[PDB]
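Asks: Just need the structure, nothing else, for what follows:
(one chain, ligands or ions: 2)
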Amino acid sequence: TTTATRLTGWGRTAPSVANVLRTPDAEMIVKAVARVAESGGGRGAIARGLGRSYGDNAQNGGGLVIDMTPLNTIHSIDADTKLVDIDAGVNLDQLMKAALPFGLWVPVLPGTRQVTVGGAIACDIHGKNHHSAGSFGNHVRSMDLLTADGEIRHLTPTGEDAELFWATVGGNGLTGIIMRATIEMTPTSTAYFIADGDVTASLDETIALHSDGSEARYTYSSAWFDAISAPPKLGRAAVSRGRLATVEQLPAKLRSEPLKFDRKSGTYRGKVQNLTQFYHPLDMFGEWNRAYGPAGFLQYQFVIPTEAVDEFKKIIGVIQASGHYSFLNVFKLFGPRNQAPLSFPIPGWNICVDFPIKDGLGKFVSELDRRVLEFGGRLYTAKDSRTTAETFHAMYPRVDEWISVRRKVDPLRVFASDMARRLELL
Ligand SMILES: Cc1cc2nc3c(=O)[nH]c(=O)nc-3n(C[C@H](O)[C@H](O)[C@H](O)COP(=O)(O)OP(=O)(O)OC[C@H]3O[C@@H](n4cnc5c(N)ncnc54)[C@H](O)[C@@H]3O)c2cc1C
Ligand SMILES: C[C@@H](NC(=O)c1cc([N+](=O)[O-])cc(C(F)(F)F)c1)c1ccccc1
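Replies: Residues are numbered from 1 along each chain as shown. Ligands and ions are numbered 1, 2, ... in the order given. Below you will find the coordinate block:
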């Protein structure tokens, strides 16, 4: 039934060995969880999707890992209610292709479509449209959670099980196995964006452009950010913003199949782009850490609360002065947060950087951790396998609430991961 397998996060770091169950048979999955429960816990079980998380949340050294990628059936698509009912193992690429002809758009899209719905919910992922759409959890209408008791629990965001539902969103698999979910899609009439580009010359300008009220004009916005240049060029950005195009906005040639699947003159208006172009160059650089890992690069993502913009500038300054130089930097202003205790996004200044691994780096990122922490920010479990339980708990003031919910639902700790042990969420 199971295969012992060396697992790592996306960037190939922090390996551990788990027994991997890989079956399309939901009943075998139910049986396996039950068997772990009847052994009284042991080293537990965790779900795994496509392994795009950079962290150690989708592995469980010495225990069970359940590869959910074979549960990939799309059960129903409904264009009136905009609801799709899909297995947790279906990936966003797969769903995007299946839903487009219905005029439905995946409501939150990360930098790669090679993630499962289960992984999307478990890490409450965010996209270029976060300030307008919230995160992936905001669009979950129901989900079926296989819990430690071996029961499949139907959860809703306002029902009697709302508490468990919202601990599952962003819960990193630690409430049980998401089997299946119903997602509310976004109506669209085309598969293209109409984009506006702007290039800033400085950090202050980047921040000004994000605080001048223009963000409200775009459903989607992100920026490519300079973290190496000496000030005042430090913080300058290439900002890509836009919204889904209506068919009248499409160039003549493309109006045929509008829902088709798949230095400083970087300034433009009303350019029409498909998903790949609009998100460029995220797709071509996505394999980077995996291609040169585990020894090449350390990704590092954090968000600082909106009101702490000065503290945010200081961290950027510290990064530039450090000697650790990152070219791949993505920046965004997050919008309002949701109600999941462990959700990563909060409104504020979000950036992912990617350091070359060098002498002094580990010590340096521990320094960043402290600053992010004190300034009221957080790290993201999808991007971390290095921080401490103390640091993480301090970054998530709702962690004890979350742990309490996890205790109600998994008293024997049937669910466990390397991450849960490292960060003391277990
Ligand atoms: C190139 C690249 C770009 C990215 N861009 C973004 C981005 O723009 N925004 C963003 O928020 N993230 C981004 N990520 C991170 C990624 O979206 C998340 O880590 C996501 O959870 C990965 O999904 P997965 O199916 O691969 O999950 P895995 O990596 O396999 O697992 C991640 C977590 O989900 C849990 N899980 C998976 N399936 C289930 C299930 N069926 N039931 C219960 N729990 C489950 C696992 O236990 C684990 O805790 C990116 C990653 C890469 C490699
Ligand atoms: C790891 C991966 N991240 C992203 O694509 C990404 C990160 C972020 N982020 O939160 O830093 C946001 C986005 C967004 F919002 F635009 F969808 C995408 C990546 C890929 C290629 C270059 C740099 C980062």
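
Asks: how about stretch 136-156 as PDB, C-alpha atoms only?
Replies: Only the C-alpha atoms of stretch 136-156 are listed here, as PDB (Å, rounded to 0.1, in the frame of the first residue of the first chain):
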ATOM      1  CA  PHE A 136      -8.400  31.400  -1.400                       C
ATOM      2  CA  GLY A 137     -10.300  30.600   1.800                       C
ATOM      3  CA  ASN A 138     -12.600  33.600   1.200                       C
ATOM      4  CA  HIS A 139     -14.100  31.600  -1.800                       C
ATOM      5  CA  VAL A 140     -14.600  28.200  -0.200                       C
ATOM      6  CA  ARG A 141     -18.300  27.600   0.100                       C
ATOM      7  CA  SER A 142     -18.000  24.100   1.600                       C
ATOM      8  CA  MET A 143     -15.500  21.400   2.200                       C
ATOM      9  CA  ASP A 144     -15.400  17.800   3.200                       C
ATOM     10  CA  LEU A 145     -12.800  17.100   5.900                       C
ATOM     11  CA  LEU A 146     -11.700  13.600   6.800                       C
ATOM     12  CA  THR A 147     -11.000  13.900  10.500                       C
ATOM     13  CA  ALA A 148      -9.200  11.800  13.000                       C
ATOM     14  CA  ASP A 149     -12.400   9.900  14.000                       C
ATOM     15  CA  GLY A 150     -12.600   8.600  10.400                       C
ATOM     16  CA  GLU A 151     -15.700  10.700   9.700                       C
ATOM     17  CA  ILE A 152     -16.000  12.900   6.700                       C
ATOM     18  CA  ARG A 153     -17.300  16.200   8.000                       C
ATOM     19  CA  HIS A 154     -19.100  18.700   5.800                       C
ATOM     20  CA  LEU A 155     -17.900  22.200   6.800                       C
ATOM     21  CA  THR A 156     -19.300  25.600   5.900                       C
END
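
Asks: How much space separates residue 21 from residue 391?
Replies: 32 Å (Cβ to Cβ, to the nearest Å). All C-beta atoms are positioned from the backbone trio N, CA, C, and that covers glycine.

Asks: Likewise for residue 374?
Replies: For residue 374, the distance to residue 391 - Cβ to Cβ - is 11 Å.

Asks: what's the answer for residue 419, then?
Replies: Distance from residue 419 to residue 391, by Cβ to Cβ: 13 Å.

Asks: re the thing from before, settle it for me: which of residue 374 and residue 391 has more neighbours?
Replies: Ranked by neighbour count (other Cβ atoms under 10 Å), residue 374 and residue 391 place residue 391 first, with 18 against 11.

Asks: wouldn't the more buried one be in contact with residue 367 here?
Replies: No: taking Cβ atoms under 8 Å as the definition, residue 391 is not a contact partner of residue 367, at 11.4 Å.

Asks: where exactly do the strands run in the stretch 301-426 of the chain?
Replies: Per DSSP state E, counting those that start in this stretch, the stretch 301-426 of the chain carries strands over the ranges 330-334, 348-356, 378-379.

Asks: what do you get for the stretch 151-300 of the chain?
Replies: 152-155, 177-184, 186-187, 192-199, 220-225, 237-244, 268-274, 297-305.

Asks: Save those strands as JSON lines, and put in mean neighbour count too.
Replies: Converted to JSON lines, these look like this (neighbours: other Cβ atoms under 10 Å):
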{"stretch": "strand 152-155", "mean neighbour count": "18"}
{"stretch": "strand 177-184", "mean neighbour count": "23"}
{"stretch": "strand 186-187", "mean neighbour count": "14"}
{"stretch": "strand 192-199", "mean neighbour count": "20"}
{"stretch": "strand 220-225", "mean neighbour count": "23"}
{"stretch": "strand 237-244", "mean neighbour count": "22"}
{"stretch": "strand 268-274", "mean neighbour count": "13"}
{"stretch": "strand 297-305", "mean neighbour count": "24"}
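
Asks: looking at those strands, which is closest to ligand 2?
Replies: strand 220-225 (3.7 Å; Cβ to the nearest ligand atom).

Asks: where does this protein come near ligand 2, residue by residue?
Replies: 110-111, 126-128, 222, 282, 285-286, 301, 328, 330, 332, 350, 352 (Cβ under 6 Å from any ligand atom).

Asks: Count the neighbours of the closest residue in space to residue 311 that isn't next to it in sequence for me.
Replies: Distance criterion Cβ to Cβ, 6 or more residues apart in numbering; nearest residue to residue 311, sequence neighbours excluded, is residue 375 at 4.0 Å. Counted with other Cβ under 10 Å, residues neighbouring residue 375 total 18.

Asks: Residue 375 and ligand 1: what is the separation?
Replies: 21 Å (Cβ to the nearest ligand atom, to the nearest Å).

Asks: ditto for residue 169
Replies: For residue 169 relative to ligand 1 (Cβ to the nearest ligand atom), the value is 11 Å.

Asks: shift numbering so it begins at 51
Replies: Shifting the count to begin at 51 puts that one at residue 219.

Asks: so who does that residue touch?
Replies: Counting by Cβ atoms under 8 Å, 6 or more residues apart in numbering, residue 219 touches 171-172, 174, 186-187, 190, 388, 390, 393.

Asks: next one: residue 420
Replies: Residue 420 neighbours (Cβ under 8 Å, 6+ apart): residue 441.

Asks: residue ranges for the helices of this protein, please.
Replies: 76-88, 142-149, 167-172, 180-183, 212-218, 253-259, 325-329, 338-342, 359-371, 411-424, 439-445, 449-459, 468-472 (DSSP state H).

Asks: Could you list the residues in contact with the shortest one?
Replies: Under the contact criterion Cβ under 8 Å, 6+ apart, helix 180-183 has outside partners 157-158, 177, 189, 236, 265, 268-271, 382-385, 395.
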